[PDB]
Amino acid sequence: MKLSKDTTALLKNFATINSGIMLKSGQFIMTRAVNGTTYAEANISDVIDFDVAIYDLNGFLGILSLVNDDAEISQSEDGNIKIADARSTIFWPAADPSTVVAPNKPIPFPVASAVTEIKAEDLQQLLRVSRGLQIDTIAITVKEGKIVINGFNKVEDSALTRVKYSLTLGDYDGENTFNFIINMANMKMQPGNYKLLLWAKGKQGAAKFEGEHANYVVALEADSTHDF
Amino acid sequence: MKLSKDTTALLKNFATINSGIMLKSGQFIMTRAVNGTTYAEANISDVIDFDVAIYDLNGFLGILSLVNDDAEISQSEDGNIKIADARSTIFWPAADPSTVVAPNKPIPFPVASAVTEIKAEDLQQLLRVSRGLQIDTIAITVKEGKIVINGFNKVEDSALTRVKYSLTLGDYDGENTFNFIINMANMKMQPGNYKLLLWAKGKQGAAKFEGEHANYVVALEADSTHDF
Amino acid sequence: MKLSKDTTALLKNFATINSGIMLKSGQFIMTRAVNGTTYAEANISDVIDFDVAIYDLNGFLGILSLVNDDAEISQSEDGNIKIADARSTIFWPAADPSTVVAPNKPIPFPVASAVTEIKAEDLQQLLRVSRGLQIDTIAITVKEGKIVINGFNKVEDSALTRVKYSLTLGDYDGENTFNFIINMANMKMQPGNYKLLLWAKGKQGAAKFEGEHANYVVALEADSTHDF
Amino acid sequence: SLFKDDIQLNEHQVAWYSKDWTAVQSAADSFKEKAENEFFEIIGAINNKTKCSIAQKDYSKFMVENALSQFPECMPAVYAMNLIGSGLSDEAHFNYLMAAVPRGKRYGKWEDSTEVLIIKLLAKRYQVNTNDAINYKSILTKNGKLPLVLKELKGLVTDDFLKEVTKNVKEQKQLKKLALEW
Amino acid sequence: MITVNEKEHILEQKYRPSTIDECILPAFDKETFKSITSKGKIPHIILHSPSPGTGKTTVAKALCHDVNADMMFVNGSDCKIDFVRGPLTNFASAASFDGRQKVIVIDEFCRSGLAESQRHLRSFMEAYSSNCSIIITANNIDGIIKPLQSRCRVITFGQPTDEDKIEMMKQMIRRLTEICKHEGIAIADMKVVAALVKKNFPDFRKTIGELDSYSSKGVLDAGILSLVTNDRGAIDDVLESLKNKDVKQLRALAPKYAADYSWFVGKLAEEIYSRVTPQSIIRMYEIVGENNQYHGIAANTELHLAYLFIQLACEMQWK
DNA sequence: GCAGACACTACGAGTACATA
DNA sequence: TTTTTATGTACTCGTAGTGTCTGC
Ligand SMILES: Nc1ncnc2c1ncn2[C@@H]1O[C@H](COP(=O)(O)OP(=O)(O)O)[C@@H](O)[C@H]1O
Ligand SMILES: [Mg+2]
């Protein structure tokens, strides 16, 4: 019931999406931002044996970085979370699950309207250039028959007219023309190769990132234009 | 008198207990809390010459943080404290010894009613867990032969019901039962090893921390219980 | 027109002069310091295809440091700056010409009223202690026949009359004595000592360099003692 | 150097075209005009029957009443607002005083530093009140050397203590005023 | 004939004017905008009116659209200091390859503690005003530091002349007609729209909204007219019973407002100040303020509130 | 094997508010 | 023709010092 450092690294990522988390027993974890903005699901290497809801996941792991990694976690008779160390013990209070906005069931992502496949280092460079060019919102669309991502500076761009980047990704074999806008603040996924699934029907839409262990559903923007 | 790095750091610690300090001729420095809850003493390697009272010990160490290590701290022919640098020279006004509440009464600790020792990294982990877990009061009792320190949330927990942290510090020998509650606020020792001395008889008591250089004697909270 | 590491390093250095050195077509680069108190000029390896204005060069090179070194830098189709990489394409905005100040003319070097030099590996050791022992304005004068450099901390020395660090560099074949007093906030050289060439007129009086990489100019100070 | 016969842009342009923001900070301060503020002119509107229409102006029953506290002819309404004006609307407070003050034509205006430092310094030392502190000095000016107790209290004249009474520029001519007391 | 933003659903912005000529302004101001657009470059303009919904942000956007300007719209509340030095300068120093005038609209700029960012903007207008211009839309004009008004052309909205008001309301009565035509609202009585425009005038956003709230039936019959002309109440029954000295209704309305005493006493003072004579203004605030002073000291709060009603009836000389 | 740079906190300042 | 007094609370902003993370 100890938590490996890659699992906790994934947990500290989920804390960026939602300040809390509701995790039941098993190997599957998930969370969704309160403002329905992002949703992450992932199966991991450790096994949770008991349902527990954590009101402050950020502070939980920040405290869990103070005991040795061999720390045995458990549900104490003190009905909270017991962090047994070599000498010390941390009784982190379990929270009432009603106070943690969490997906009551995993979001079954619909059939993708368009499929591409971002690379991990391509995603890495995209974050580096955004922090340098103040890129706040990006758009994934078609350019000369290929699926590309284009970032803007919605602060200075407003209308989103002046392109500031173009990560040419895959090729598009369909006939549809789409302009899906994602907010960079909702790019809460950890770096890693992702199969990008796009869906949009009418005035709805969402993007899914299938990972080697962690999946992420990030929301599209109000101005996303498509012909699906 | 010359003020080295280890001694100024001690004065930076003693400033936290009392806004100033009174120090008379010798190598023994001592300060007490204004309310009388935390007494600190220290024999040092730097020898001071005259007797002086500093009202603004915090500001005194800040002004000293511009002079080179050769800092000549001398008495002014009128009475003040001049600080001679390699080039520059500063004048600081000294204060009356009755302005600074001095301990004045270094009566020795009695007989240790209970004895253990807390490691440097064990105090470190206690102070770092409390920073993340909001622990305001700790109680030192016995559990299954070994004595432990338990941290609570006095505000979030009236009569110290639910533990939030527990650190074991070795086993107790005599057949006594007690629970000395110390306020985390009035606990101002610097990092390091401290042989923990605990004295309490009847309705009076105190906790003494024996560091390799200095000593810290804090008071125990009134709620504490013991059968000594 | 890919930029090499030598060019980017001189550009990075030229950024410490002007907030955004505009460059012209060719292989010559020059940057008048915002107001008009420092100048820099250099020839370098890479050919310039287009004369553009740059606004924030430091961030521009910081964006360049995110793509490959052999990234083909082109002038964008809409008149900006395209940085073609392997998969990406960074569109750095071109600046308005009236919003940044560049040399109207690459400043002709007058006939040197005096000629000297520094060293070969003393610059790195000269400016190290110069910044270390808080000295602002620096002076250049003849002493023992040789011309030397020796400045004063104009902070604690508004009247220029002290001494901090001397440097013997070589004898002065000329037969006339002077003393110029350049502001420290004007000098910012790359590694390797260069040639120091002095000049002075009535109510003027520059002072410049010639280098293996670049030539650097500074300003007059009205109250400078001139002999020419 | 300066390129002599080129146009020199204004200091705003100089500071703005340079990522040196401390000079840009000096550029914005050039328009501070904080000395050119407003403050009241509602009292004048109260005793002139002018369309004050306060709303956004800083209304202080504490102040607006205490200003009419100097003029005894306005004191009947001030005595009422002292009594029952507590918990009365600000807009109602100005509106009551509109039809309550007699005639207008706004008028004039409404205990020294070096004494008031000693009075407040003796008060903090002996932990006494203003009244007691005031009497302490007055008896000490007459008897056993007040000059001696001035020296006893030269160490606790901090700048936080000083500036608390009369900021302006005096707390520096007062800081090292009681310096020379040894 | 009216510009619609067919993705809005909210009426009050679905039919937001696009150009100056679609806006409803006083003739001189409307002419002064059409001339400002004709001259090519926009000056520094402060558009202000304490009464909201008069045309500020619309005209600010309409000037940028008429000129076809590279408009940078910004919420004046997020216009902090690191913003004026940041994305504002980056935009002002961008290359205008397009030739269109760069204009920055700072919407809702008048704010409390934005003083340092405000003076920075003034000093910014001595450097980059060569390139770009700034349109400010504010409610309180004073929230704007004096240096900015000194530089900017201050056009005060919502303060129309009588003849300008008459024509403006008539234009607005035709606008709400063209709204009801395009939305599907039946105008059974034209005096509804006239009373809609007139009741809440200078705020054009609010009067369009009121039409939406009164479109709940899909038709504007005279019943809706009786709604708009119904002057509502708040505490109209107590004021009415106080003017009539009706001791019976004061006796029965005291238990109505003894629940929220502190609000009612404050609302009562607000209402009587308009309805009562000036020599009674003295006795009014004295009777009320004393009654509120002893509120809570009085054992029976309901009877104490009736005490206020009896005290006012006897002492108030009514209008 | 640490620096850099973003990220975080604390604090002075200024602001607005409700009391006596 | 004038320009200020106390205590306690909550919020925003700016900047500056400190903390955690990353390079061709
Ligand atoms: N002068 C006007 N002419 C026409 N419509 C207006 C006018 N003023 C406001 N409106 C209506 O109000 C909305 C715009 O309000 P606006 O004036 O931009 O806000 P503010 O005045 O508070 O800045 C628009 O949807 C528009 O329909
Ligand atoms: Mg608006």
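Chains G, H, F, A and B supply the protein sequences, listed in that same order.
As numbered in the deposited numbering, residues 1 to 228 make up the first sequence, in order.
As numbered in the deposited numbering, residues 1 to 228 make up the second sequence, in order.
As numbered in the deposited numbering, residues 1 to 228 make up the third sequence, in order.
As numbered in the deposited numbering, residues 2 to 111, 116 to 187 make up the fourth sequence, in order.
As numbered in the deposited numbering, residues 1 to 319 make up the fifth sequence, in order.
Every residue, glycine too, gets a C-beta built ideally from N, C-alpha and C.
Given residue i as reference, the closest of the options once Cα atoms are compared
i: residue 176 of chain A; options: A:165, A:185, A:186; result: A:165
i: residue 221 of chain H; options: H:173, H:38, H:163; result: H:38
i: residue 213 of chain B; options: B:201, B:185, B:169; result: B:185
i: residue 130 of chain G; options: G:115, G:151, G:147; result: G:151
i: residue 86 of chain G; options: H:22, H:121, H:17; result: H:121
i: residue 208 of chain F; options: F:202, F:188, F:223; result: F:188
i: residue 119 of chain B; options: B:145, B:283, B:99; result: B:145
i: residue 41 of chain B; options: B:284, B:250, B:70; result: B:70
i: residue 94 of chain A; options: A:155, A:131, A:63; result: A:63
i: residue 8 of chain G; options: G:33, G:42, G:225; result: G:42
i: residue 158 of chain A; options: H:164, H:93, H:178, H:115; result: H:93
i: residue 226 of chain B; options: B:249, B:259, B:188, B:262; result: B:188
Continuous alpha helix (DSSP H) stretch holding residue i: start and end
i: residue 165 of chain A; result: 164-169
i: residue 22 of chain A; result: 22-30
i: residue 318 of chain B; result: Run containing residue 318 of chain B: none; DSSP gives neither H nor E here.
i: residue 18 of chain G; result: It is not in any alpha helix (DSSP H) - residue 18 of chain G carries neither H nor E in the DSSP assignment.
i: residue 61 of chain B; result: 56-66
Residue-level contact to chain G via CB, residue i, 8 Å cutoff
i: residue 74 of chain F; result: no
i: residue 79 of chain F; result: no
i: residue 33 of chain B; result: no
i: residue 97 of chain B; result: no
i: residue 61 of chain F; result: no
i: residue 123 of chain H; result: no
i: residue 109 of chain B; result: no
Cβ-Cβ separation, residue j to residue i (assumed contact under 8 Å), whole Å
i: residue 63 of chain B; j: residue 155 of chain B; result: Rounded, the Cβ-Cβ distance is 11 Å, inconsistent with contact.
i: residue 149 of chain H; j: residue 184 of chain H; result: No, residue 149 of chain H and residue 184 of chain H are not in contact; Cβ-Cβ is about 10 Å, not under 8 Å.
i: residue 60 of chain A; j: residue 82 of chain A; result: Not really, about 12 Å apart at Cβ, beyond 8 Å.
i: residue 36 of chain B; j: residue 72 of chain B; result: Residue 36 of chain B to residue 72 of chain B, Cβ: 19 Å. No contact.
i: residue 40 of chain H; j: residue 30 of chain H; result: 7 Å
i: residue 234 of chain F; j: residue 45 of chain F; result: The first residue shown for chain F is 1 and the last is 228, placing residue 234 of chain F beyond what the model contains.
i: residue 25 of chain G; j: residue 48 of chain G; result: 5 Å
8 Å Cβ cutoff, residue i in contact with chain A
i: residue 108 of chain H; result: no
i: residue 36 of chain H; result: no
i: residue 131 of chain F; result: no
i: residue 145 of chain B; result: yes
i: residue 293 of chain B; result: yes
i: residue 15 of chain H; result: no
Cβ of residue i within 8 Å of any chain B Cβ
i: residue 25 of chain F; result: no
i: residue 40 of chain A; result: no
is_contact[residue i, chain H] using C-beta, thresh 8 Å
i: residue 187 of chain A; result: yes
i: residue 157 of chain A; result: yes
i: residue 89 of chain G; result: yes
Boundaries (first-last residue) of the beta strand (DSSP E) holding residue i
i: residue 213 of chain G; result: Taken as a continuous stretch (DSSP letters only), residue 213 of chain G belongs to no beta strand (DSSP E), as it is neither H nor E.
i: residue 75 of chain F; result: 72-75
i: residue 41 of chain G; result: 38-48
i: residue 151 of chain G; result: 146-152
Interface flag, residue i vs chain F, CB-CB below 8 Å
i: residue 129 of chain B; result: no
*Measuring from each Cβ to the nearest heavy atom of ligand 1, keep the ones under 6 Å and list them in chain order.*
B:12, B:13, B:15, B:16, B:17, B:23, B:24, B:25, B:52, B:53, B:54, B:55, B:56, B:57, B:58, B:137, B:204, B:205, B:208
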